[PDB]
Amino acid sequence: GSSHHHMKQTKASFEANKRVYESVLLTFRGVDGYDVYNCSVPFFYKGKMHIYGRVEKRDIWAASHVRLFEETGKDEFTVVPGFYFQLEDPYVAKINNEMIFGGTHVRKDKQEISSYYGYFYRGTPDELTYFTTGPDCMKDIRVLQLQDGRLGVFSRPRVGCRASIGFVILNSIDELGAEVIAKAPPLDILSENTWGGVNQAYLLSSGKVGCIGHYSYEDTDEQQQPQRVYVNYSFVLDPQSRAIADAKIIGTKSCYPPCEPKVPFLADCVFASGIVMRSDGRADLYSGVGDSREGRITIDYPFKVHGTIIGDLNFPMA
């Protein structure tokens, strides 16, 4: 698809000191011959765990779609007939008891990518209605509902080697559009020669925002081959002061079971999906692995000092 054609020391510390309690790859049924990866966070609908997956052949020129899957066994998901989107990298949020769903839409002219943008949909998994679009050539836009009911919006401008995560508060999802996302001011998250993005935002009991995302940079492996490193990253935003706290690596490719990446320069790449709280007080971190599989690791809850999650991703029928 679109992506395929100091943190280095922080990562080496993480690789030495990591606490991983469980480690699996997900099995997907019903889409044989496609890879499934870079999913949404899992959510609940009709009493069942579901996830949206990015569905794409291994070939770097193959185009992505998104399908809905339902949990049919432990770490086993079966495609739900009847729901397709022409998108990459799907993601979900709950705003006023409604699903907001998004993905990256790729526009082509004479078999080459001409533009891409975030498409946003609202409703429930049985019927999602496309309603707004992000700015030209931006991805990694994410929303959540804040403690006062307003809409937090994360942007992610990226032009060559200049990238930032931005953030703006809107009154409601009815204001979400290209110009307000484009004008979101920067947050102090990404360093020079790095990139990254929010994948899933959570409202915490303190009123702060717990972010699960990715942090990325260029490196060279032991065999002196190029790698675009992607790590699972967390931080906590204070939406009033805009201060960033407790920024840290929470997962890396070595945490998940071994698997072939889509291309050789994604051998140390994981693209976060989100966390699900467990019966044992730990977090299940779901992630894309090598732009080819979806994995799950059990980790310490990454927002302990800033509070527990407010609300859930259990979606009511319309």
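So that there is no doubt, residue numbering starts at 1 and follows the sequence shown.
**Student:** So residue 5 and residue 6 are neighbours in the shown sequence, but is anything from the deposited sequence left out between them? Give the count as none, 1 to 3, 4 to 9, or 10 or more.
**Tutor:** The entry has a long gap there, with 10 or more residues left out between residue 5 and residue 6.
**Student:** Which is higher on mean Cα B factor in this entry, 144-152 or 80-88?
**Tutor:** Higher mean C-alpha B-factor: 80-88.
**Student:** Regarding 223-231 and 113-121, which shows the higher C-alpha temperature factor on average in the entry?
**Tutor:** On average, C-alpha B-factors are higher across 223-231.
**Student:** Which of these has the highest Cα B-factor in the record: 26, 63, 31, 276?
**Tutor:** It is 63.
**Student:** Checking the entry, which one of 281, 53, 42, 264 has the top C-alpha B factor?
**Tutor:** Max CA B-factor in the entry, restricted to 281, 53, 42, 264: 264.
**Student:** Based on the deposited C-alpha B factors for this chain, I'd like to know if residue 288 is in the lowest, middle or highest third.
**Tutor:** Its C-alpha B-factor belongs to the lowest third of this chain's values.
**Student:** Check where residue 105 lands among this chain's C-alpha B-factors and tell me if it's the lowest, middle or highest third.
**Tutor:** Tercile = lowest for this residue's CA B-factor.
**Student:** Please rank the C-alpha B-factors of the chain's modelled residues and tell me whether residue 183 sits in the lowest, middle or highest third.
**Tutor:** Its C-alpha B-factor belongs to the highest third of this chain's values.
**Student:** Relative to the other modelled residues in the chain, which third contains the C-alpha temperature factor of residue 193: lowest, middle or highest?
**Tutor:** Top third by C-alpha B-factor.
**Student:** Compare the C-alpha B factor of residue 204 with those of the other modelled residues in its chain, then answer lowest, middle or highest third.
**Tutor:** Residue 204: CA B-factor falls in the lowest third of its chain.
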